[PDB]
6 protein chains.
Amino acid sequence: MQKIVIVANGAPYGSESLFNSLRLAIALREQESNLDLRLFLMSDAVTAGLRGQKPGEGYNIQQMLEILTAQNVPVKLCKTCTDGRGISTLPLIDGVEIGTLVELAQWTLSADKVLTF
Amino acid sequence: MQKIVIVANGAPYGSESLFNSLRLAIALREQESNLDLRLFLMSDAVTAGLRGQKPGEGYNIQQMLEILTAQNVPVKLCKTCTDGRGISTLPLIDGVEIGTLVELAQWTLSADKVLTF
Amino acid sequence: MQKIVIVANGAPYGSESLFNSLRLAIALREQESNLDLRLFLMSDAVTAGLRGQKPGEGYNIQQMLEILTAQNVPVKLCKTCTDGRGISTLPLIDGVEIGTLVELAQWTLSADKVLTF
Amino acid sequence: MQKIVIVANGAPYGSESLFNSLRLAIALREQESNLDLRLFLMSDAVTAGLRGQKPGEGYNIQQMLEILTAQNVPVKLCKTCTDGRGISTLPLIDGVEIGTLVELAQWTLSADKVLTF
Amino acid sequence: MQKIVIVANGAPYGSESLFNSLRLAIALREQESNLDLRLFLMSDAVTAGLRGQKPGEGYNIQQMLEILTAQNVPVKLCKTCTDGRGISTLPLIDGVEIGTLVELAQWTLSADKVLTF
Amino acid sequence: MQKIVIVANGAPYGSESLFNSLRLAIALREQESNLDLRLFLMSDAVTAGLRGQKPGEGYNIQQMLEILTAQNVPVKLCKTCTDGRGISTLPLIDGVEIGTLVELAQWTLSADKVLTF
C-alpha cells in the first residue's frame, strides 16, 4: 500500500503554505481513495487544530481538517509545540490528536513518500 | 510625554520576530517609566495572547506579555485575526484584550513613532 | 495634515503581510480623509500592481489598491523590482505607477511616520 | 528510470527557495539527461512564469526555466494561483503552462520522489 | 538500509525550521542506527556550521550538529552559499564539510526519500 | 537634525529584506548628507557583519556595509544574537560593532522615526 506523510510547519491563515498542504492532502485522498495518508503539524501549524475557527474571508482550515479527519486521515500535532503555545488542554478538532517527534520519525521511516510543507 | 506603538505580526515561537518586538518593548518601558507604549498584535501573532503557554526551553512569550501588562501597557489582539483562529472566546493573558483595526488606525495616527514588527 | 508612508514588501496572497498593510492603509484614510498617505511597493509586493486579479475566494488585492488610488493615494512600484519580474511593461492596476528607491528615500525623509510592512 | 516531482511555493527573487529549486532541477537533469523531471509551481512561485524578466542584478529565473523547458521538462503553474494574481492571461515563458491541483495530486501519487521547496 | 536525504534552508535560531529539521534527523538516527542519513545545508542554513556557538537560551544547534556527525552522519554546507557568506574559510563544527550542489544532485538521485525542511 | 533608525531582521542573501535595508539606508545617507542615521541588526541579520563575503552573484552585502560605515553610520550587532551564532568572536567588518538591546531602546527613544525590515 502507498504510504504518504505530509508534515506542515506554516501557521494557519498567515502562510498560504499550510493551506496548500491541506489542499494537496484532500486532493491526494480523492484521486487514490485507498492511500495511507497521515499528517503531522509542527511549530506554528499546530494552532490549526483549534475548534471554533470562524474565518470571515474565504477558506477555513478547520473545515479542511475535518474533511480529512472524517475520511480517517490521522492528523497529529507536535507535543512540544502545542505545549509551548498552550493548546494541549484546549478543545481540538475531532480526528486531530497530540503526537510526538518520535512518532513523526516512525511515519517518516515507514513512509514511501514524505512531502514537507 | 511620548506615544509609541508597536505592531507584531509574526507567530509566537515560530520565529524570533514576535520575540524581538516584545523584547524591545520591555526595554523601552524599562528606560522610561511613564512612556505611553501600546502593543497591537495582528495576524499570526494573535495566538500569543493564549494563557496556557508552557514552553520548556528558552523564552516565554506569555511571560513577556505579563511583564508588559502589569506596567499597565495596553496589549490588543486584532478582532478579525482572533475570530479567524478561534481565540476570541478562549482565556487570554491578563491585561491582554481584543481590539479592532479601527483602534490601530486611531492609535497610529496619534502616535509619535510606530514600530511595525 | 500629517505625512504617513507605508511600505509593503510581501507577495500578494502569499501572506497577510501585504494584505494587512492595505487594510491598515484603507483604514487610516477613513479616520482622516486629508491624510497625505503614500504607498510604496518593494520586491515581491510589486506584482500586486497587476491587473486581472480574480481571487478564487477571500480578499482581492487589486480592488483594495483601487479603493486607495481612487482617493488619490500614491501607489508606487519600485523600478528595479518591476524590471526583474517583467511587471514594468505589463498593464498596471491604474494609478499605480513605477517609482524609484530615490523617491522612497525622500518620502521617508519628509514623512512623519514610516509604517514598514 | 525514475520520476521526480519538484514543487515550489517561493516568490521569484524575493526568496531564495525558488532559485534553489531551479538550480537543483537543472542539476538533476545534468546528472541524468533522461531523468523524468516535472516542476510544479504553487502560490507565489507562479509569477516566475512571466516573460520579459530582466534583472540587472544576479540570477535570472526566466533563463533557468528556459533551460529546463528546452529539455522538455514540464513546468506547470497552478490554475487557482495564477488566476488570483491575474497571470493566467499573460504571456508565459515558452514551455511554462497552467496546471491544476488535481494534476499535482497525481504527479505526486505516481512519482518515486517529490522534492518540495 | 535506507537512503534518506534531509535538506535545510532556514537560518539557525531565526526560525524553528532548521531546528526541527535537525531534531527530526537525530530522532531518525535513534530509530534505525544503520540508516544512510545525509544532511545538506543551503542558503542561510549554511551558517549553522560555525564553531563556538554559545546560546544562553534553550536549544543549541551546534550540539545537535555534533550529535549527528558523531553517529557518522554526513553534513555538507553548500559551497556557493558559504563563499558568499564568508563562512567557507572559518572554523567549522567537528564533522561538517563544504559540499556542492552537484553532490546534492547525486544524493537525491540515489535516495529513497528526500526531506526538505 | 533628523534621527532615523533602521532595524534589520533578515538573513543576508537568503532574502531581499536585509538587502533593501542597506540600500534604502545608503539612499537616505546620500539625499540628506546631514542626517543622523543609525543601523541595528538583530537575529539572522547579525551574520551580515562577518568579513570575507565573496558572493559570485549579485549584490555584495559586505560592500554595502562598508559604504555606510565609511560615512560614519553606526552599525551595531545585537549582543545576544551574535553570542548564539558565534559571531561575537569572529572578525567583524570595518565599522561594524557589537551592540545591545538597551542601546537600541535608547536609539528608538531619541529617534524621529524608526524603520524596521
# chains A, B, ... in the order shown; residues from 1 in each chain; ligands from 1
$ interface_residues --of "chain C" --to "chain D" --cutoff "7 Å" --atoms "only C-alpha atoms" --output "number ranges by chain"
C: 11, 14, 43-44, 50-56, 83-86
$ residues_around --residues "residue 68 in chain A" --least-positions-apart "5" --cutoff "8 Å" --atoms "only C-alpha atoms" --output "VMD selection string"
chain A and resid 25 to 26 73
$ residues_around --residues "residue 30 in chain B" --least-positions-apart "6" --cutoff "10 Å" --atoms "only C-alpha atoms" --output "number ranges by chain"
B: 24, 71; F: 102, 105
$ write_last_selection --atoms "C-alpha atoms" --output "PDB file, in the first residue's frame"
ATOM      1  CA  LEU B  24      12.286  45.779  22.535  1.00  0.00           C
ATOM      2  CA  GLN B  71       3.149  48.059  33.981  1.00  0.00           C
TER       3      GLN B  71
ATOM      4  CA  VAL F 102      19.360  48.501  25.824  1.00  0.00           C
ATOM      5  CA  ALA F 105      15.846  51.060  23.167  1.00  0.00           C
TER       6      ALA F 105
END
$ closest_residue --among "A:93, A:5, A:46, A:35" --to "residue 106 in chain A" --atoms "only C-alpha atoms"
A:5
$ residues_around --residues "residue 77 in chain A" --least-positions-apart "5" --cutoff "6 Å" --atoms "only C-alpha atoms" --output "ChimeraX atom specification"
/A:40-41,46,98-99
$ write_last_selection --atoms "N, CA and C atoms" --output "mmCIF file, in the first residue's frame"
data_model
loop_
_atom_site.group_PDB
_atom_site.id
_atom_site.type_symbol
_atom_site.label_atom_id
_atom_site.label_comp_id
_atom_site.auth_asym_id
_atom_site.auth_seq_id
_atom_site.Cartn_x
_atom_site.Cartn_y
_atom_site.Cartn_z
ATOM 1 N N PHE A 40 1.289 15.404 10.051
ATOM 2 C CA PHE A 40 1.921 15.819 11.282
ATOM 3 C C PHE A 40 2.085 17.319 11.156
ATOM 4 N N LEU A 41 1.555 18.061 12.137
ATOM 5 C CA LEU A 41 1.646 19.517 12.117
ATOM 6 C C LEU A 41 2.636 20.033 13.149
ATOM 7 N N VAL A 46 0.515 24.028 14.374
ATOM 8 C CA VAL A 46 -0.206 23.331 15.437
ATOM 9 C C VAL A 46 -1.489 24.014 15.906
ATOM 10 N N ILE A 98 -2.777 14.840 19.688
ATOM 11 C CA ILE A 98 -1.425 15.222 20.032
ATOM 12 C C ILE A 98 -0.470 14.086 19.715
ATOM 13 N N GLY A 99 0.680 14.438 19.132
ATOM 14 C CA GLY A 99 1.663 13.437 18.769
ATOM 15 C C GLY A 99 3.065 13.879 19.110
#
$ decode --residues "range 36-49 of chain A" --atoms "C-alpha atoms" --output "short mmCIF file (atom, residue, chain, number, x, y, z; two decimals), in the first residue's frame"
data_model
loop_
_atom_site.label_atom_id
_atom_site.label_comp_id
_atom_site.auth_asym_id
_atom_site.auth_seq_id
_atom_site.Cartn_x
_atom_site.Cartn_y
_atom_site.Cartn_z
CA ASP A 36 -2.38 5.58 3.66
CA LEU A 37 -2.06 9.34 4.19
CA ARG A 38 -1.06 10.82 7.55
CA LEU A 39 -0.44 14.41 8.70
CA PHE A 40 1.92 15.82 11.28
CA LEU A 41 1.65 19.52 12.12
CA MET A 42 4.73 21.20 13.56
CA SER A 43 5.54 24.54 15.13
CA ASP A 44 3.13 27.27 14.11
CA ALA A 45 0.80 24.99 12.16
CA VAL A 46 -0.21 23.33 15.44
CA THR A 47 -2.69 26.11 16.29
CA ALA A 48 -4.63 24.90 13.25
CA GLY A 49 -6.17 22.14 15.35
#
